[PDB]
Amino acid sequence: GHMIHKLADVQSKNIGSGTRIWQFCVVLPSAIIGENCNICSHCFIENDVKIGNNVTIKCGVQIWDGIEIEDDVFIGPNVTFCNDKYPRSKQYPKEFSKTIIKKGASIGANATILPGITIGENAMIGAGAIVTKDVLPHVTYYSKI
């Protein structure tokens, strides 16, 4: 089976064997999470969400509607995603922009992923990076400081 912490609010039944979901996580009903994932404390996971097997999501991350995470992905702490390029309060998109983080990619701590983004297989996103364009497979990207 899987481990859902008593201090998490997990509403999805679509959770793979070996997955751990930690304290103060919210997971909404339609989320799909594969096997042997680690969803660390203080994460939010919405409905139109697919997360593969062996995915690590460190603390303080939100996976919105329109975000897909493939197998073997690492997401660092306080990483953000997004599904709305020009957000205005109460102006709901007719269709959320999709992001996909492809198999084996890693996203460093506190990176910011713009909407509509593909990060290729086995890419490495530097800590604190702002990703405004697709990142090719196996590429190391970071923002110049």
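For every residue, the number given is its place in the sequence shown, counted from 1.
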So, looking at the entry's B-factor column for Cα atoms, which has the higher mean, 53 to 61 or 93 to 101?
93 to 101
Which one of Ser41, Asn36, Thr112, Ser106 shows the top CA temperature factor in the record?
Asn36
By the entry's values, the third containing the CA B factor of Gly116 is the highest
Lowest, middle or highest third: which one holds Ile15 when the chain's residues are ordered by CA B-factor from the entry?
highest
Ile67's Cα B-factor: lowest, middle or highest third of the chain?
highest
